[PDB]
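Peer 1: So I've got this experimental structure, pasted below with the sequence.
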Amino acid sequence: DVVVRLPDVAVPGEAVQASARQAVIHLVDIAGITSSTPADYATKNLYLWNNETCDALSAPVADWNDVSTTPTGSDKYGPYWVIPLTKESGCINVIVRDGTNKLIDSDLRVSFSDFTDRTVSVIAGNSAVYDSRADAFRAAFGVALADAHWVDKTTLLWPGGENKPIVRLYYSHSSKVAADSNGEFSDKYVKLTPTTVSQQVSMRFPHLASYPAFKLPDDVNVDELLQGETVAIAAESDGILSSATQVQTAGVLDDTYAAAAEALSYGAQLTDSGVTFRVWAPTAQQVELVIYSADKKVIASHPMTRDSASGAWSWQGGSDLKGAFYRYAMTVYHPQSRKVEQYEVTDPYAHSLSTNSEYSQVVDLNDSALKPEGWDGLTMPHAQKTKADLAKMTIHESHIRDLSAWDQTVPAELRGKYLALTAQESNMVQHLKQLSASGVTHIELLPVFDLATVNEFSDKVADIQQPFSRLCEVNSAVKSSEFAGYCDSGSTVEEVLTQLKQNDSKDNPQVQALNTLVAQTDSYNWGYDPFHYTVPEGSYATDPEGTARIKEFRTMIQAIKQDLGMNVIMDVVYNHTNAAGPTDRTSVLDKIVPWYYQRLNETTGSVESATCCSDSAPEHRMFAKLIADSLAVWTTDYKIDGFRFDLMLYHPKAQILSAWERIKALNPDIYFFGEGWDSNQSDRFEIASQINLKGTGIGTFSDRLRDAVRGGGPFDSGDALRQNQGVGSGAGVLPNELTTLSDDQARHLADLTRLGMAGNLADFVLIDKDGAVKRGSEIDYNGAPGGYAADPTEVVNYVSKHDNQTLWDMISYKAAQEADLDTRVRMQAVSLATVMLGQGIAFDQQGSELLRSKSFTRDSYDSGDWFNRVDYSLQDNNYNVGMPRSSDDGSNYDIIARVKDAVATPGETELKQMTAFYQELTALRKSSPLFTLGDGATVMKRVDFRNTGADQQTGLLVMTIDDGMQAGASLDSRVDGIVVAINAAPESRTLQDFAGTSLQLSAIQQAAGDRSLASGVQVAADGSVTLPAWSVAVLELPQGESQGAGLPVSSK
Ligand SMILES: [Mg+2]
Ligand SMILES: [Mg+2]
Ligand SMILES: [Mg+2]
Ligand SMILES: [Mg+2]
Ligand SMILES: [Mg+2]
């Protein structure tokens, strides 16, 4: 065996040592050192400049394009620069370049307190600064990056090993792999030989299938390598090092342990006979179960028992540990720090927690003490069994603080809490009860699992209803800000924000200036920040310490289902964790099995952040299991009726479907859906996208009718926000002063809208804007097939959601200056009509029925009670309460200032009219099964459109739904057919399509009189129907003695 060693060159001394008013920077050049050959470093140069952070440089060259700051000299080890300074304290900014290309991505900051001799060394592609070339040399010819992948028991994939005579896997249990003082790599190793990637590996890891493959001896003690650091090293045949890198091990962890580990159950499993704790930690060197008293004193520390087949650790004790607080004391190598870390971590399978999630807690969720009276018999108020059942789903996407934080008729101590839903006499609950009575069927809850980003210790939090003095007490940023003079005022924070409104504008956005500071220490966050996946959030409980929150959560679920009569959907956020690495307070999973539960860059091993935060890896078997097990608890123990997967596109199709198969065994009628856009993970696995989920019964949000009715798309900012009008805001037919939308473009949006009203099916046949016969898949959506679904239950239509601007704020952005306030209210209703009267599942943001505004805030996740306010006393819609946060919306300030004051802010009259409009629409959808056929083939047999093609009246949507003899059986004994007419236009429109029929305006709309969306509709003798501007009419063929002719779909 040849010894792997450093280059036969000697470890370098310093080329020059900085003198007075100088710094020296060495570049250790690996290429030039390995090459025998002399190097002309004339293309190497420094870009140097002073800023407020670093300012010690003397007369640095200003121009970026100036490459003439070439090396002062060079030797075999590389170039070096002698840099003139003005002082020897502080730090300098340095960008090391070749030509004008950065050799180090990090913009370096050489600190003269970190390195007091001001003589430093760096290596191309390495962000670290070294005190000597000797240190840099050992690093340049040491371990770098992490681009080797130990993907199964006997397979290593690694580009660094290609063509090299010696490829080895070096390992060290308690230290880092590194060369000794003789420059020899003296740790233990496994020898690897070249091989071809297997079919199994290429199937599992298609994004790695082009990597050079190397084979381990099929008898290696894998457990012994996996307990510490492993490093892949390649060398030349004389043993001289080629490269060394860290090893990503999730693959071999799954191949070695996953099946054995999948067969076990995890967490603190409490049951009569005792308790069994189990945690998966297949790389850990030691795991102890630490038991804590209620006052958080250690009362025991138990070495756990490792199971060799699975890599799980278990500990079995008596039932006296019920209610005990506990953590897992880990001894485990973390590849990010390259240290055998020592720390206590809460249970990833925690089912109860202490305040702020510091300790997990042993709980039996089956305990009757943790349930409201009657909980076990709680039934789902709305059926979800058939597709017809599912299609009735009409969702109200809500947030615990958005519901009750402002409602003075909710008891003060329940505002912002789960139990606010029990305050039957409150404005908010009475409003939801009427929404349910009129046909809202589901409450969807924004994150109510354990989020990280609200402090659950009440003393560390200040909300805007509390004294400004409390805010100063808990928030040193406020106390050091321009607002510090309010500290000893006697005003509440809300009182201050209110007085800041009058002088707030784009040139003085002081409301959001204060609110941005308030956001850091208030109770408010959407919560897409997972701390523990299977514990209720603590801050929404009146008592966040211990099991209390569990009963309060269930009391809320029971109130929504039993007393409000609505099903419950939970937002889940398995696509990322709040943090990873060995340090962060909220890194749980990545402390316990480092580098396994996060998705990592193939070259560097950095946790990726395509999401907001620390991307998870649901393609890994034990995280797929964690997800399914978590969903099982929410389903069984919390009686959740459905789940919305945040960013579902970062999950494999196979994993979401496996989860659904598992949960259907517990609740056969559970419904899964999520945001299924096309993602960038398709090189790693088939993603759970709109296209790939076709026919599976997993729903996805549709961006098709959304964009067509709202106008524009999620990538818009600046003038596009106003120019890109939608069907709901008058594309083509009521242009604003900025837009250039053509009539052809407006009719394309109507084609997408009709398609979406028919369920956005791939095979639905319609007549497009040009008179052409088109299947839904042939209607273009920004280059993609527009119709993608098999059944309308696979499509969730919407025109407003918690993310991006509210519908009202978009109408305010887009509406023509001459559209008055009453017209804009009808625009809101007409936009919602395309959703509520369509065949796809209907989804909507809490408060659209109240013209909800966020004061133009686009992304309000941390914009507090102020911008997310919903006023259930109906005094206004929260419009014009200050400029939104400048960091994200500042580039919109110009367009906001131009549009904001076009009309008055809605008041009680407009909000009451909007709620009437809204409940009219939901009542119509609820009233007949024809609106909610469920099955795509049935939609194709029954649903058609009029006013199509080249001669259409723009903006007039006319849909027919057949219940007559040609469709099959009568699904609705009262009618033979329905017509949905949405006149999204400022003209009256007359229809002759139904001349000679016995069409009648629906009784529901007639009863509303001049408060109806159909106010002023005329159904003449001859059967012609006229609709006023900005109106919606549902008309029907009354059913007689037998099923009649109906409205048969036209042959196309
Ligand atoms: Mg030095
Ligand atoms: Mg929390
Ligand atoms: Mg906040
Ligand atoms: Mg990638
Ligand atoms: Mg009928």
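Peer 2: Looks like it arrived, so ask away. Residues are numbered from 1 along each chain as shown. Ligands and ions are numbered 1, 2, ... in the order given.

Peer 1: And residue 291, how far from ligand 2?
Peer 2: In this view, residue 291 and ligand 2 are 22 Å apart by C-beta to the ion, to the nearest Å. From N, CA and C alone the C-beta is placed, and that goes for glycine too.

Peer 1: Show me the domain layout of the chain.
Peer 2: What curated CATH domains lists as the domains of the chain is 1-134, 135-244, 245-363, 364-943, 944-1052.

Peer 1: helix or strand right after the longest helix belonging to the chain?
Peer 2: The single longest helix within the chain, with elements called by DSSP state H, is helix 908-927. Once the chain leaves helix 908-927, the next helix or strand it forms, by DSSP states H and E, is helix 936-942.

Peer 1: related to what we said a few turns ago, quickly compare the domains of the chain and say which is most buried.
Peer 2: Neighbour counts averaged per stretch over these are highest for domain 364-943, at a mean of 21; criterion: mean count of other C-beta atoms under 10 Å.

Peer 1: Report the separation between the two terminal residues of it.
Peer 2: With C-alpha to C-alpha, to the nearest Å as the measure, the first residue of domain 364-943 is 50 Å from its last.

Peer 1: Is ligand 2 within reach of it?
Peer 2: Yes. Using C-beta under 5 Å from the ion, domain 364-943 reaches ligand 2 at 450-451, 537-538.

Peer 1: State the distance from the residue in the stretch 951-1052 of the chain that ligand 1 sits nearest to to ligand 3.
Peer 2: Relative to ligand 1, the nearest point of the stretch 951-1052 of the chain is residue 984 (71.4 Å; C-beta to the ion). From residue 984 across to ligand 3, the span is 38 Å (C-beta to the ion).

Peer 1: And for residue 679?
Peer 2: From residue 679 to ligand 3 the distance is 28 Å (C-beta to the ion).

Peer 1: That residue against residue 610, yeah?
Peer 2: Yes. Using C-beta atoms under 8 Å, residue 679 makes contact with residue 610 at a distance of 7.4 Å.

Peer 1: The stretch 451-600 of the chain: helices as residue ranges?
Peer 2: For the stretch 451-600 of the chain, the helices defined by DSSP state H, counting those that start in this stretch occupy 468-474, 476-479, 493-500, 510-518, 548-558, 589-592.

Peer 1: go on, the stretch 1-150 of the chain?
Peer 2: Under DSSP H, counting those that start in this stretch, the stretch 1-150 of the chain gives helices at 30-34, 133-140.

Peer 1: Among those helices, which comes closest to ligand 3?
Peer 2: helix 133-140 (41.1 Å).

Peer 1: Next one: the closest one, is it in contact with ligand 1?
Peer 2: No. Helix 133-140 is not in contact with ligand 1 by C-beta under 5 Å from the ion; minimum separation 8.8 Å.

Peer 1: That helix packs against which elements?
Peer 2: In terms of contacts (3 or more C-beta pairs under 8 Å, 6 or more residues apart in numbering; DSSP states H and E), helix 133-140 is packed against strand 22-28, strand 119-123.

Peer 1: tell me the contacts of residue 510?
Peer 2: 500, 503-504, 882 (C-beta atoms under 8 Å, 6 or more residues apart in numbering).

Peer 1: any idea which of those residues is the one closest to residue 243?
Peer 2: Among those, residue 882 lies closest to residue 243 (C-beta to C-beta), at 55.7 Å.
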